[PDB]
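Q:
Number of protein chains: 2
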Amino acid sequence: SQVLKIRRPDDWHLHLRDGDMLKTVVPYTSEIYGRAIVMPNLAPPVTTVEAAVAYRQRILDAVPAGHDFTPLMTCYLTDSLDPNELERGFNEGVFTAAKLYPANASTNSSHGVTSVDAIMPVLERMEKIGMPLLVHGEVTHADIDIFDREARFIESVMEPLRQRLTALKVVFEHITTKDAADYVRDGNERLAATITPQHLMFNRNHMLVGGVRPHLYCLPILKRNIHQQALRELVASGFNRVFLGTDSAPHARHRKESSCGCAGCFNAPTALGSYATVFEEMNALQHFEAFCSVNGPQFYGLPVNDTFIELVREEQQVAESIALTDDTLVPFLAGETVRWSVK
Amino acid sequence: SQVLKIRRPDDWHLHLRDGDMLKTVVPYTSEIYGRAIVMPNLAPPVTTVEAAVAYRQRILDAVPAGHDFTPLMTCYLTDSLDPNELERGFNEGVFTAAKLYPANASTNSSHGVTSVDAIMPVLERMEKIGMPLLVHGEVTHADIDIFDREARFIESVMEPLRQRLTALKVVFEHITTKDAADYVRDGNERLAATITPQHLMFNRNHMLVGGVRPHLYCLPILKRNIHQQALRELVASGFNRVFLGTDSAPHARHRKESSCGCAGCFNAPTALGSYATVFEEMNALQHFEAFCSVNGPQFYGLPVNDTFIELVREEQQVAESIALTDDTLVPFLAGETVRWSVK
Ligand SMILES: O=C(O)c1[nH]c(=O)[nH]c(=O)c1F
Ligand SMILES: O=C(O)c1[nH]c(=O)[nH]c(=O)c1F
Ligand SMILES: [Zn+2]
Ligand SMILES: [Zn+2]
Ligand SMILES: [Zn+2]
Ligand SMILES: [Zn+2]
């Protein structure tokens, strides 16, 4: 059966949580990936260098002996955030990028953004020092339909921003529409994107047809088929400014399977093999390593990993659940068979 | 505060299940409604007069003393179903209508329909004897997107059927699109429809924005806002061939809140007040009684109820759950406040 040797990949979009879950989930990433963009959306969020330095250490405490893993920390953008604070953390090599979560006028200034025009100063600073901006591209006005929120973000926020700040390096994170696929495809060298395994593998029918399936519920939300196909074609194309970001967003089973299930997929354990399946299905394994291992590093301006991992096309059963201190974690594709696996 | 006196209403679309749940759920309907269309989608489904007569009796056993309730039984249409069997049950007054669930070529002939062209004989018989056809209007081919399935059904099944059988009386059950709203609005006297409280009250954003909410997950699936508004306008219009059908589809909480939650809303307990809210919100309480109490009877060709119930605009808390032999039932709008209630 078939062996596939690639560079040690990176995860350029990851939530590792905190506390007893941070311990549970880090091994699934640190065992396979060399570096990962850790998100700042904790409670409270990571908006200072002290919080970031501290959190980074907590991650390192969770890393198994022998694992060579490096968490690349990011900063949660808020209205109250001081440009000097972000500038300092970037200079000291604490922050790699800053993350912009959807704007909302009601949002408390300590916990997020009211509008993009409000945080212009820090965005202008990010431009000067050449710091990458990571973007959750969704407009969250109540009137806007959930399946339109990514598309709307491009018109009314993204394009105007990138025109205003021509020199800003922007990662359009976890794109899920043909709209975004095109936007990035036709954009310049300062615009890139990450794509999750679930957004390539499935569409909204998988989440809803024959029952509601909360473990495929995340954001941005699985769109219809024509959008799915767009993403698979973009990565298969060989376009060199898409790269691996899992958006591994683990929630306890009781939280996912409730009257109001949380958004997020714990895919870290199965993502790499899952990607490797989609690239094989698209007859595009020649562009696989690049997507994993090169394109992200090349965009962020970091050295590429110097070690290699192997994948094997031996079919493997995914775990039904992972034990947590309380409750469990249902992984992405739990109990399912996968075509590819790490040796 | 405000009192609203109307005729004793009917529910022209209802699932009452069987066994220990049938006992749990009948009181919620029998206490308020005079008559109700009970669906045949049991396991095994109701496809004989013996099964129907028997099931009818089981329902009557579940009805509290003093409640004047009459279950109007229906037949599940299958390929193997004998026209003479349906003709006999209709003549004997066992069957009121026959229900057509979505076609599917793989479906076992004892449990459903492969295609509409296959069951033409029984449909032609239904036409002759003037028996109403009830329709779940969705095409269930895998390729078709879930939010397009009702719209597709109109083009490729409904219109061709109604042209083929010009004299057939068809209830387009629980319509959920502007497409269906228009179709029925502009149709003839032999075409009517039911509409649920959830399809008037909410749209898909309510189910998905800020978490996945399985207790609003049913079929047909909540569409986007422009479809919601269409339904509210149609009922508010005063159009006299829409009428109350709850599609009360109760599932145990552990079944709704799982890795694969079932489709259905247990709305029977809160539906009437919920409808009364939407008609008030649409400034259309003059057409409320009709929708509840007259239009259905008028379409089915039955006498209208001769007793009256009162509603009051005293705000009332909905139960968080109802106790089942095992597990519980989370009702529609559980723990919520409602504006209208029965006295
Ligand atoms: O971390 C999460 O809970 C999470 N899950 C998501 O599916 N999307 C997000 O944008 C996010 F922040
Ligand atoms: O009875 C059910 O489970 C059910 N629930 C639904 O939401 N739609 C149906 O068509 C149906 F048969
Ligand atoms: Zn995100
Ligand atoms: Zn994320
Ligand atoms: Zn139905
Ligand atoms: Zn039904």
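Going down the list, the sequences are from chains Y and W. So the mapping is simple: full-length UniProt numbering equals the position in the first sequence, first residue as 1, plus 4. So the mapping is simple: full-length UniProt numbering equals the position in the second sequence, first residue as 1, plus 4. We put the CB at the ideal spot given by N, CA and C, even for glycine.
What alpha helix (DSSP H) runs, 4 residues minimum, are completely inside the segment 11-49 of chain Y?
A: For the segment 11-49 of chain Y, whole alpha helix (DSSP H) runs of length 4 or above, ordered along the chain, are 23-34.
Q: Please name the residues in the segment 87-111 of chain Y whose beta-carbon is closer than 8 Å to at least one beta-carbon of chain W, in chain order.
A: Within the segment 87-111 of chain Y, no residue has a Cβ that lies closer than 8 Å to any Cβ of chain W.
Q: Over what stretch of residues does the alpha helix (DSSP H) that includes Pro201/W continue unbroken?
A: Per DSSP, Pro201/W belongs to the alpha helix (DSSP H) from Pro201 to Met205.
Q: So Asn229/Y contacts chain W; which residues on that side make the cut at Cβ distance below 7 Å?
A: Neighbours of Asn229/Y on chain W, chain order: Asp149.
Q: Could you compute how far the alpha carbon of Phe247/Y sits from the alpha carbon of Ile313/Y?
A: Looking at the two C-alpha atoms, the distance is approximately 17 Å.
Q: Could you tell me whether any Cβ in chain W is nearer than 8 Å to the Cβ of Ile225/Y?
A: By this cut-off, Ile225/Y is an interface position.
Q: Taking only beta-carbon positions, decide if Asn209/Y is within less than 8 Å of chain W.
A: Yes, its Cβ sits closer than 8 Å to a Cβ of chain W.
Q: Are there any heavy atoms of ligand 2 lying less than 7 Å away from the beta-carbon of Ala197/Y, as far as the coordinates show?
A: No.
Q: For the segment 223-237 of chain Y and the segment 177-195 of chain W, state whether three or more C-beta atom pairs, one from each stretch, are separated by less than 8 Å.
A: Short answer: they don't touch.
Q: Let me know if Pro48/W comes out buried or exposed under the rule of 16 or more other beta-carbons within 10 Å of its beta-carbon.
A: Classification for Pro48/W: exposed.
Q: Ligand 3 heavy atoms versus the CB of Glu193/Y: any closer than 7 Å?
A: Checking every heavy atom of ligand 3 against the Cβ of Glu193/Y, none is found closer than 7 Å.
Q: Under the criterion of a Cβ to heavy atom distance below 7 Å, does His17/W qualify as lining ligand 6?
A: Checking the Cβ of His17/W against ligand 6 gives yes.
Q: Given 7 Å as the limit, tell me if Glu293/W has its C-beta closer than that to any heavy atom belonging to ligand 5.
A: Outside the cutoff, so no.
Q: Looking at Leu18/Y and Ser252/Y, is the spacing between their C-beta atoms short of 8 Å?
A: Yes, the Cβ-Cβ distance between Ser252/Y and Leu18/Y is below 8 Å.
Q: Quick check: is any heavy atom of ligand 8 less than 7 Å from the C-beta of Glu177/W?
A: In terms of ligand content, the structure shown lacks ligand 8 and carries ligand 1, ligand 2, ligand 3, ligand 4, ligand 5 and ligand 6 instead.
Q: On the criterion of 16 or more Cβ atoms from any shown chain inside 10 Å, does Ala327/Y qualify as buried, or is it exposed?
A: It is exposed - the Cβ of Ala327/Y has fewer than 16 other Cβ atoms within 10 Å.
Q: Name, please, each residue of chain Y whose Cβ falls closer than 7 Å to the Cβ of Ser262/W.
A: In chain order: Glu261.
Q: Using a Cβ-Cβ cutoff of less than 6 Å, which residues in the same chain neighbour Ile150/W once the five nearest sequence positions on both sides are dropped?
A: Here the set comprises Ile225.
Q: Cβ-heavy atom distance between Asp14/Y and ligand 4 below 7 Å?
A: Every heavy atom of ligand 4 is 7 Å or more from the Cβ of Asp14/Y, so no.
Q: Please report whether the beta-carbon of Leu276/Y lies at a distance below 8 Å from any beta-carbon of chain W.
A: Not closer than 8 Å to any Cβ of chain W, the Cβ of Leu276/Y fails to qualify, so no.
Q: Where does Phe243/Y sit, in a helix, a strand or coil, going by DSSP?
A: Three-state result, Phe243/Y: coil.
Q: Residues of the segment 167-185 of chain W in Cβ contact with chain Y at a cutoff of 8 Å, in chain order, please.
A: If the cut-off is 8 Å between Cβ atoms, the segment 167-185 of chain W has nothing near chain Y.
Q: Using a Cβ-Cβ cut-off of 6 Å (strictly less than) and excluding sequence neighbours within five positions of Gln202/W, which residues of its own chain qualify?
A: Excluding positions up to five away in sequence, the list reads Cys269.
Q: If you draw a straight line from the alpha carbon of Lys173/Y to that of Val67/Y, how long is it in whole angstroms?
A: Looking at the two C-alpha atoms, the distance is approximately 30 Å.
Q: In the DSSP assignment, find the unbroken beta strand (DSSP E) run with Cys79/Y in it and report its ends.
A: That run of the beta strand (DSSP E) goes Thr74 to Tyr80.
Q: Given a limit of 8 Å on CB to CB distance, which residues of the segment 280-297 of chain W reach chain Y?
A: Of all residues in the segment 280-297 of chain W, none has a Cβ within less than 8 Å of some Cβ in chain Y.
Q: Would you say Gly215/Y lies against chain W (beta-carbon separation less than 8 Å)?
A: Yes, contact with chain W.
Q: Starting from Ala323/W, find everything on chain Y with Cβ-Cβ shorter than 9 Å and list it in chain order.
A: Those do not exist, as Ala323/W stays about 14 Å from chain Y at its closest Cβ, beyond 9 Å.
Q: Hey, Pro218/W and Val213/Y: beta-carbon distance below 8 Å or not?
A: The answer is no: Cβ separation not under 8 Å.
Q: So is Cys269/Y in contact with chain W if we call contact Cβ pairs under 8 Å?
A: Chain W contact via Cβ: absent.
Q: Have a look at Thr200/Y, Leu169/Y and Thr198/Y and flag the residue whose alpha-carbon is nearest the alpha-carbon of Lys132/Y.
A: Considering only alpha carbons, the answer is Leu169/Y.
Q: According to DSSP, simplified to helix, strand and coil, what is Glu314/Y?
A: In the structure shown, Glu314/Y sits in a strand (DSSP, three-state: E or B).
Q: I'd like to know whether the C-beta atoms of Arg12/Y and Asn309/Y end up nearer to each other than 8 Å.
A: In this structure, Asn309/Y lies closer than 8 Å to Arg12/Y by Cβ.
Q: Could you spell out the range, first to last residue, of the beta strand (DSSP E) harbouring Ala101/Y?
A: Element bounds for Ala101/Y: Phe99 to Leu104.
Q: Opposite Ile326/Y in the DSSP bridges: which residues?
A: Answer is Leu333/Y, bridged to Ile326/Y.
Q: I need the DSSP call for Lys9/Y, collapsed to helix, strand or coil.
A: Correct three-state label for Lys9/Y: strand.
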